[PDB]
Each structure stands twice: as structure tokens, then as C-alpha cells.
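Asks: Okay, structure incoming, though there's no sequence with it:
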Ligand SMILES: *[C@@H](CC(=O)OCC)[C@H](C[C@@H]1CCNC1=O)NC(=O)[C@H](CC#C)n1cccc(NC(=O)c2cc(C)on2)c1=O
Ligand SMILES: O=P([O-])([O-])O
Ligand SMILES: O=P([O-])([O-])O
Ligand SMILES: [N+]
Ligand SMILES: [N+]
């Protein structure tokens, strides 16, 4: 479990922020240039609060697959000068399964917390919040509101973004490299 945690802490420090939209408070991972990712249910408007600062949103893309099925991710392009360190090389081209993963959260409710969530399985199809959804990764741990946008990692890999769950079951949207240019 140790190297996953070492990787996770360094990744959050360099690429993560805390974001508020009108729909809640989230962990947000910057990906490259001015592109970042949120859960689709964050519903970012024309501005967001990023580390307590108003930042304009230049574009937002709610991702669906080639038949229009929800992936529960929104990509957003921010109006800011600082560029994210490019982490596209840490994103797989297809869903990753691992024996040990770490879920990293940074919000006002969960300030820099890391959770060893155990094994991650490619669950696939889920009806999530009433919406047919694909590319779900599942893991078993005691889930909580406020963990969405949390970053699911293993050693040297960013696997996905936490988007949902119930009870002791959590789900991430797989974060695939082709979603980005
Ligand atoms: C993160 C967003 C946030 O905090 O929202 C506040 C209301 C949460 C994290 C969830 C809460 C319970 N445990 C978690 O891991 N995400 C949601 O609440 C999402 C948002 C969406 C879409 N959501 C909404 C509605 C239902 C569910 N869960 C399921 O439908 C479900 C199905 C199976 C199987 O397991 N869960 C959900 O996650
Ligand atoms: O968040 P920011 O303000 O852009 O830094
Ligand atoms: O289905 P997609 O388009 O590949 O995501
Ligand atoms: N919003
Ligand atoms: N910390």
C-alpha cells in the first residue's frame, strides 16, 4: 500500500484543488494546460470557486460514450494563467483494475485525507442516481457525501474520479486518456 500513498500525496499536492459550484464542494484534479475534471453532478456554471477564488469557466464537456451513455464526468477549461502539470501519461487507455488503491480527498470537510480502499474492479454498467452510466470502477469502503471528485490512484496510475456510492460501496468514473486531446 505504501508506494500508492507516496504517489497519491505527491499527485494531490501538484495537481488537485478544492472547488465549490452551486451544487456542492468537490475535489478537482487538473489534467493538463487549463483542463480539469469534475463529477458531472457538480454542474459547473460560468464561474467556479477554486481554492476560495472565483475562476471563469471557458468550456465544459459532459462526457458520454459513442451511443450517448453517461460517463458521469465533466471536463472544464479554466480561465487562468497557471497551467496544470500534464498528467495525461498517468491515465490509462482502458479501465484499470488493481489489488490495492488509494482514494484521495481534499475539501473543507475532508482536508487532505487518503483512504486505502482495497481492490478496484471494472464493474461497468450501473444505474447511478437514476441515470444509466458506464465505465464504473467499484471498491468497498465506508463511503460519505463530500468525497466526490476524489482521486482514485495506485502506484504510478490515476484510475478514476469518485462519483457515487451507497453504504459500503463506492464507484469511480474511469479516467481515460482519450477523453483529452
Ligand atoms: C458525492 C457528491 C456529494 O457529496 O453529493 C452530496 C449529495 C456523492 C458520494 C456518494 C454519497 C453516498 N456515498 C457516496 O459515495 N455522490 C452522490 O451522491 C451521487 C451523485 C450523483 C449522480 N449519487 C446520487 C444519487 C444516488 C447515488 N448512488 C447510487 O445510485 C448507487 C447505486 C449503487 C449500486 O450504489 N450507489 C449517488 O452516488
Ligand atoms: O485558483 P486560481 O485563483 O486561478 O489560482
Ligand atoms: O465510446 P467512446 O466515444 O469511445 O467513449
Ligand atoms: N451550477
Ligand atoms: N496535510
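Replies: Ah, there it is. Numbers count the residues shown, from 1 in each chain. Ligands and ions are numbered 1, 2, ... in the order given.
Asks: contacts, neighbours, all on C-alpha from now
Replies: Will do.
Asks: right, and the helix or strand after the longest strand along the chain?
Replies: Secondary structure of the chain per DSSP state E: the longest strand is strand 113-128. As assigned by DSSP states H and E, the chain's next helix or strand after strand 113-128 is strand 131-139.
Asks: Just after that following strand, pick out the following helix or strand.
Replies: That would be, after strand 131-139 and using DSSP H and E, strand 151-154.
Asks: what lines up beside that next one in the sheet?
Replies: strand 98-105 (antiparallel), strand 157-166 (antiparallel) (DSSP bridges).
Asks: partners of the residue of the chain found nearest ligand 1 in the sheet?
Replies: The chain approaches ligand 1 most closely through residue 164 (3.0 Å), counting by CA to the nearest ligand atom. Following DSSP bridges, residue 164 is listed with bridge partners residue 171.
Asks: on that earlier part again, next, format the strands paired with strand 151-154 as JSON lines and append distance to residue 9 and mean neighbour count.
Replies: Output for the strands paired with strand 151-154, formatted as JSON lines (distance: least, CA to CA, whole Å; neighbours: other CA atoms under 10 Å):
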{"stretch": "strand 98-105", "distance to residue 9": "8", "mean neighbour count": "22"}
{"stretch": "strand 157-166", "distance to residue 9": "12", "mean neighbour count": "24"}
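Asks: and of those, who's closest to residue 34?
Replies: strand 157-166 (18.0 Å; CA to CA).
Asks: okay, now the domains of the protein?
Replies: 1-15+85-181, 16-84 (curated CATH domains).
Asks: Just the terminal-to-terminal distance for the shortest one.
Replies: This stretch, domain 16-84, spans 9 Å end to end (CA to CA, to the nearest Å).
Asks: when you scan that domain, is anything in it near ligand 4?
Replies: Yes: using CA under 6 Å from any ligand atom, we find that domain 16-84 touches ligand 4 at 21-23, 43-45.
Asks: quick revisit: list the residues that contact the residue of the chain closest to ligand 1.
Replies: Going by CA atoms under 8 Å, 6 or more residues apart in numbering, residue 164 touches 128, 148, 170-172.
Asks: List only buried entries from those.
Replies: 128, 148, 170-172 (16 or more other CA atoms under 10 Å).
Asks: Of these, which pair is most distant in space?
Replies: Top of the distance list for the buried ones among the contacts of residue 164 (CA to CA): 128 and 148, 13.4 Å.
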